[PDB]
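Protein chains: 4
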Amino acid sequence: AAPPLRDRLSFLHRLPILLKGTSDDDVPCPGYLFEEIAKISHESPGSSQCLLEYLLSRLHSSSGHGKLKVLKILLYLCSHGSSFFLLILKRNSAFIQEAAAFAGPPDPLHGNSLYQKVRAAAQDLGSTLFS
Amino acid sequence: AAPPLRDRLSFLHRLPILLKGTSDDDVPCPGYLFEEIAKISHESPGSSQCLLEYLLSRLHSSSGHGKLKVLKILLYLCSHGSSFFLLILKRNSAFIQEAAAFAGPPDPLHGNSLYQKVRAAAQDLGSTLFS
Amino acid sequence: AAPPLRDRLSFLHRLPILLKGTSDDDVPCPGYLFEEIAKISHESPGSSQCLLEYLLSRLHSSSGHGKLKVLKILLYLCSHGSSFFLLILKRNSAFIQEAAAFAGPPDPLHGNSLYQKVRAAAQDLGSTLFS
Amino acid sequence: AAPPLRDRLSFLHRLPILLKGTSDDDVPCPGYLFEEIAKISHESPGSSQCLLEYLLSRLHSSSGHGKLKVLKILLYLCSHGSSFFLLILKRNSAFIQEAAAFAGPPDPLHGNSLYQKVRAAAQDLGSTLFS
């Protein structure tokens, strides 16, 4: 049930898209990359499996900037991703309450705004995915 | 046997409670949050599963300050949490000897007091949970 | 199906080879160590299992310098390693898209060149292994 | 087959011994603690399971100082620990080649001596355990 190698290779060729869309920085992700990422989820079930692995990996390893981007991407996929992608997202959704607990020391310039944005995005994702 | 999504969503709505109760800082957790957390454990078995995931995640990722809070919360749940919560806590109790081994460099102001507090709380939890 | 202990011990005796070949530094790996590592993969199936464990561990724990070396070694093994090694590499190939996502802050002297080299090596490995 | 809770509790009461024996510092472990740790392994199979969990956790989380202590303790247990402990150690022995790969930046005062000591202890453990 794991992705066939042909799907792993197709997905590798898509990584320029995803690298820009989830870059761990304060530059908002542009709209066209949301559209491209939803298109990736529809390529095949194996493409969707690879995409979930990738997005959850980025969510774990990124600072709040990249975490926020992943959570926004997942929220968009709730409305435009494939049915199979949303199924495996629901089956692997224990991460949402962890994203909703993201916290740390406040920034002298921005306070806790970034943490609050990440937690709010996780709450919105949970409300959408779980209702 | 994993939590249904309706329980994951209910639990998300409780996270303000838990975020304050386990905040990774030197401010003691107030009594009313112990009571609220025990109430969460009684909501449903799925709520208890989510709660265990959350508390063990906080125990792993926090400094000694948050570790101590989680261990005190778990000790309180030994006397006031649901039967199902204490069952799954007992089934997942290998972490206690790890908490009881918490150590690190001494603080110039407070010495090893924080490590000693964490280890003592883990020992008390083990004595309560395992007897 | 895990390696017998005799194979674990033989592999330990090979670690001087692998330690030099994957050292986490900017000194390129010399050609003779590629040859020696391919020879290790042919010693036995258990030797190949140990070798995969080792290379994937180094890939995870190293800076970009050691990551690049591991990815070059794996690419060489695609052309000269044992059939069993390439089978278990294919079965454990989810790491490739993670290596192909390697990124971080740019270097004032070298920019993003190291990240780009790692990602390019991961793409080449995927193209070779998955086609 | 996991340890009963009575064994988890007995083991908690032994942690003062193990905390001193594996302390992550440059003070050699005294001989009497080797003897006490071997005695712990003989208390019961569950005590041995807890002991393995503890020692492997310390091996993973410690600097080279604590890693070296754990590897010396395990070598001693090869000659004086219980039969059950050595069985489960052999079943969980993939860590040895990872310890035998321990490396890092050299120390201006001590060079690579610590890494070399850890790797040599891992090689000795493997030679003893695997032969």
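As you go down the protein sequences, you meet chains A, B, C and D in turn. Sequence positions in the first sequence follow the working numbering and run 706 to 836. Sequence positions in the second sequence follow the working numbering and run 706 to 836. Sequence positions in the third sequence follow the working numbering and run 706 to 836. Sequence positions in the fourth sequence follow the working numbering and run 706 to 836. C-beta: ideal position from N, C-alpha, C; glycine also.
- By the CB criterion at 8 Å, residue 831/C and residue 801/C fall inside the cutoff.
- DSSP lists 812/B as the beta-bridge partner residues of residue 816/B.
- In the three-state reduction of the DSSP assignment, residue 783/C falls in the helix class, which pools H, G and I.
- According to the DSSP assignment, residue 716/A belongs to the alpha helix (DSSP H) that extends over 710-726.
- In the assembly as shown, residue 818/A is an exposed residue. Its beta-carbon has fewer than 16 other beta-carbons within 10 Å.
- Per DSSP, the continuous alpha helix (DSSP H) segment holding residue 804/A begins and ends at 800-804.
- Judged by DSSP in its simplified three-state form, residue 823/C adopts helix.
- Boundaries of the alpha helix (DSSP H) around residue 739/A: 736-748.
- Residue 812/B sits exposed, since fewer than 16 C-beta atoms from the chains shown fall within 10 Å of its C-beta.
- Here residue 712/A is buried: its Cβ has 16 or more other Cβ atoms, across all protein chains shown, within 10 Å.
- Relative to residue 783/C, the option among 773/C, 794/C and 774/C whose CA is nearest is 794/C.
- Among the residues of chain B, those whose CB is under 8 Å from the CB of residue 836/A are 714, following chain order.
- For residue 776/A and residue 732/A, the gap between their C-alpha atoms comes out near 15 Å.
- Legend: CB atoms of the segment 739-751 of chain A lying less than 8 Å from CB atoms of chain B are not found in any residue.
- Sequence-distant partners of residue 747/A (beyond 5 residues in either direction) whose C-beta falls short of 6 Å from its own C-beta, in its chain, are 787.
- Contact between the segment 736-751 of chain C and the segment 739-754 of chain D is absent, with fewer than three C-beta pairs closer than 8 Å.
- Between residue 796/B and residue 834/B, the alpha-carbon positions lie close to 11 Å from each other.
- Short of 6 Å from the beta carbon of residue 734/B, and not among the five residues preceding or following it, lie these beta carbons of its own chain, in chain order: 726 and 774.
- In terms of beta-carbon proximity, residue 820/C stays away from the interface with chain D, with every pair separated by 8 Å or more.
- Annotated as distal: residue 808/D and residue 827/D, with beta-carbon spacing of 8 Å or more.
- Judged by their CB atoms, residue 780/D and residue 829/D are nearer to each other than the 8 Å cut-off.
- About 10 Å separates the beta carbon of residue 756/B from that of residue 789/B, a gap too long to meet the 8 Å contact definition.
- In the displayed model, residue 732/C falls within coil according to three-state DSSP, outside both helix and strand.
- The beta carbon of residue 785/B is closer than 7 Å to those of 743 in its chain, skipping five residues each way along the sequence.
- Per DSSP, residue 790/D is one residue of the alpha helix (DSSP H) stretching across 788-796.
- Within chain B, the residues placing a beta-carbon under 8 Å from that of residue 801/A are 713 and 717, ordered along the chain.
- Assigned with DSSP and collapsed to three states, residue 807/B falls in coil, not helix or strand.
- Inclusion of residue 758/C and residue 707/D in the CB contact set at 8 Å is not warranted, their separation being larger than that value.
- The beta carbon of residue 716/A sits closer than 6 Å to those of 752 and 755, all from its chain and outside the five residues before and after it, given in chain order.
- Here residue 723/A is not near residue 836/C, since their CB atoms are 8 Å or more apart.
- Within chain D, no residue has its beta carbon less than 9 Å from that of residue 734/C; the closest one is some 15 Å off.
- Here DSSP, grouped into helix, strand and coil, assigns residue 768/A to coil.
- The C-alpha of residue 814/A is placed about 29 Å away from the C-alpha of residue 719/B.
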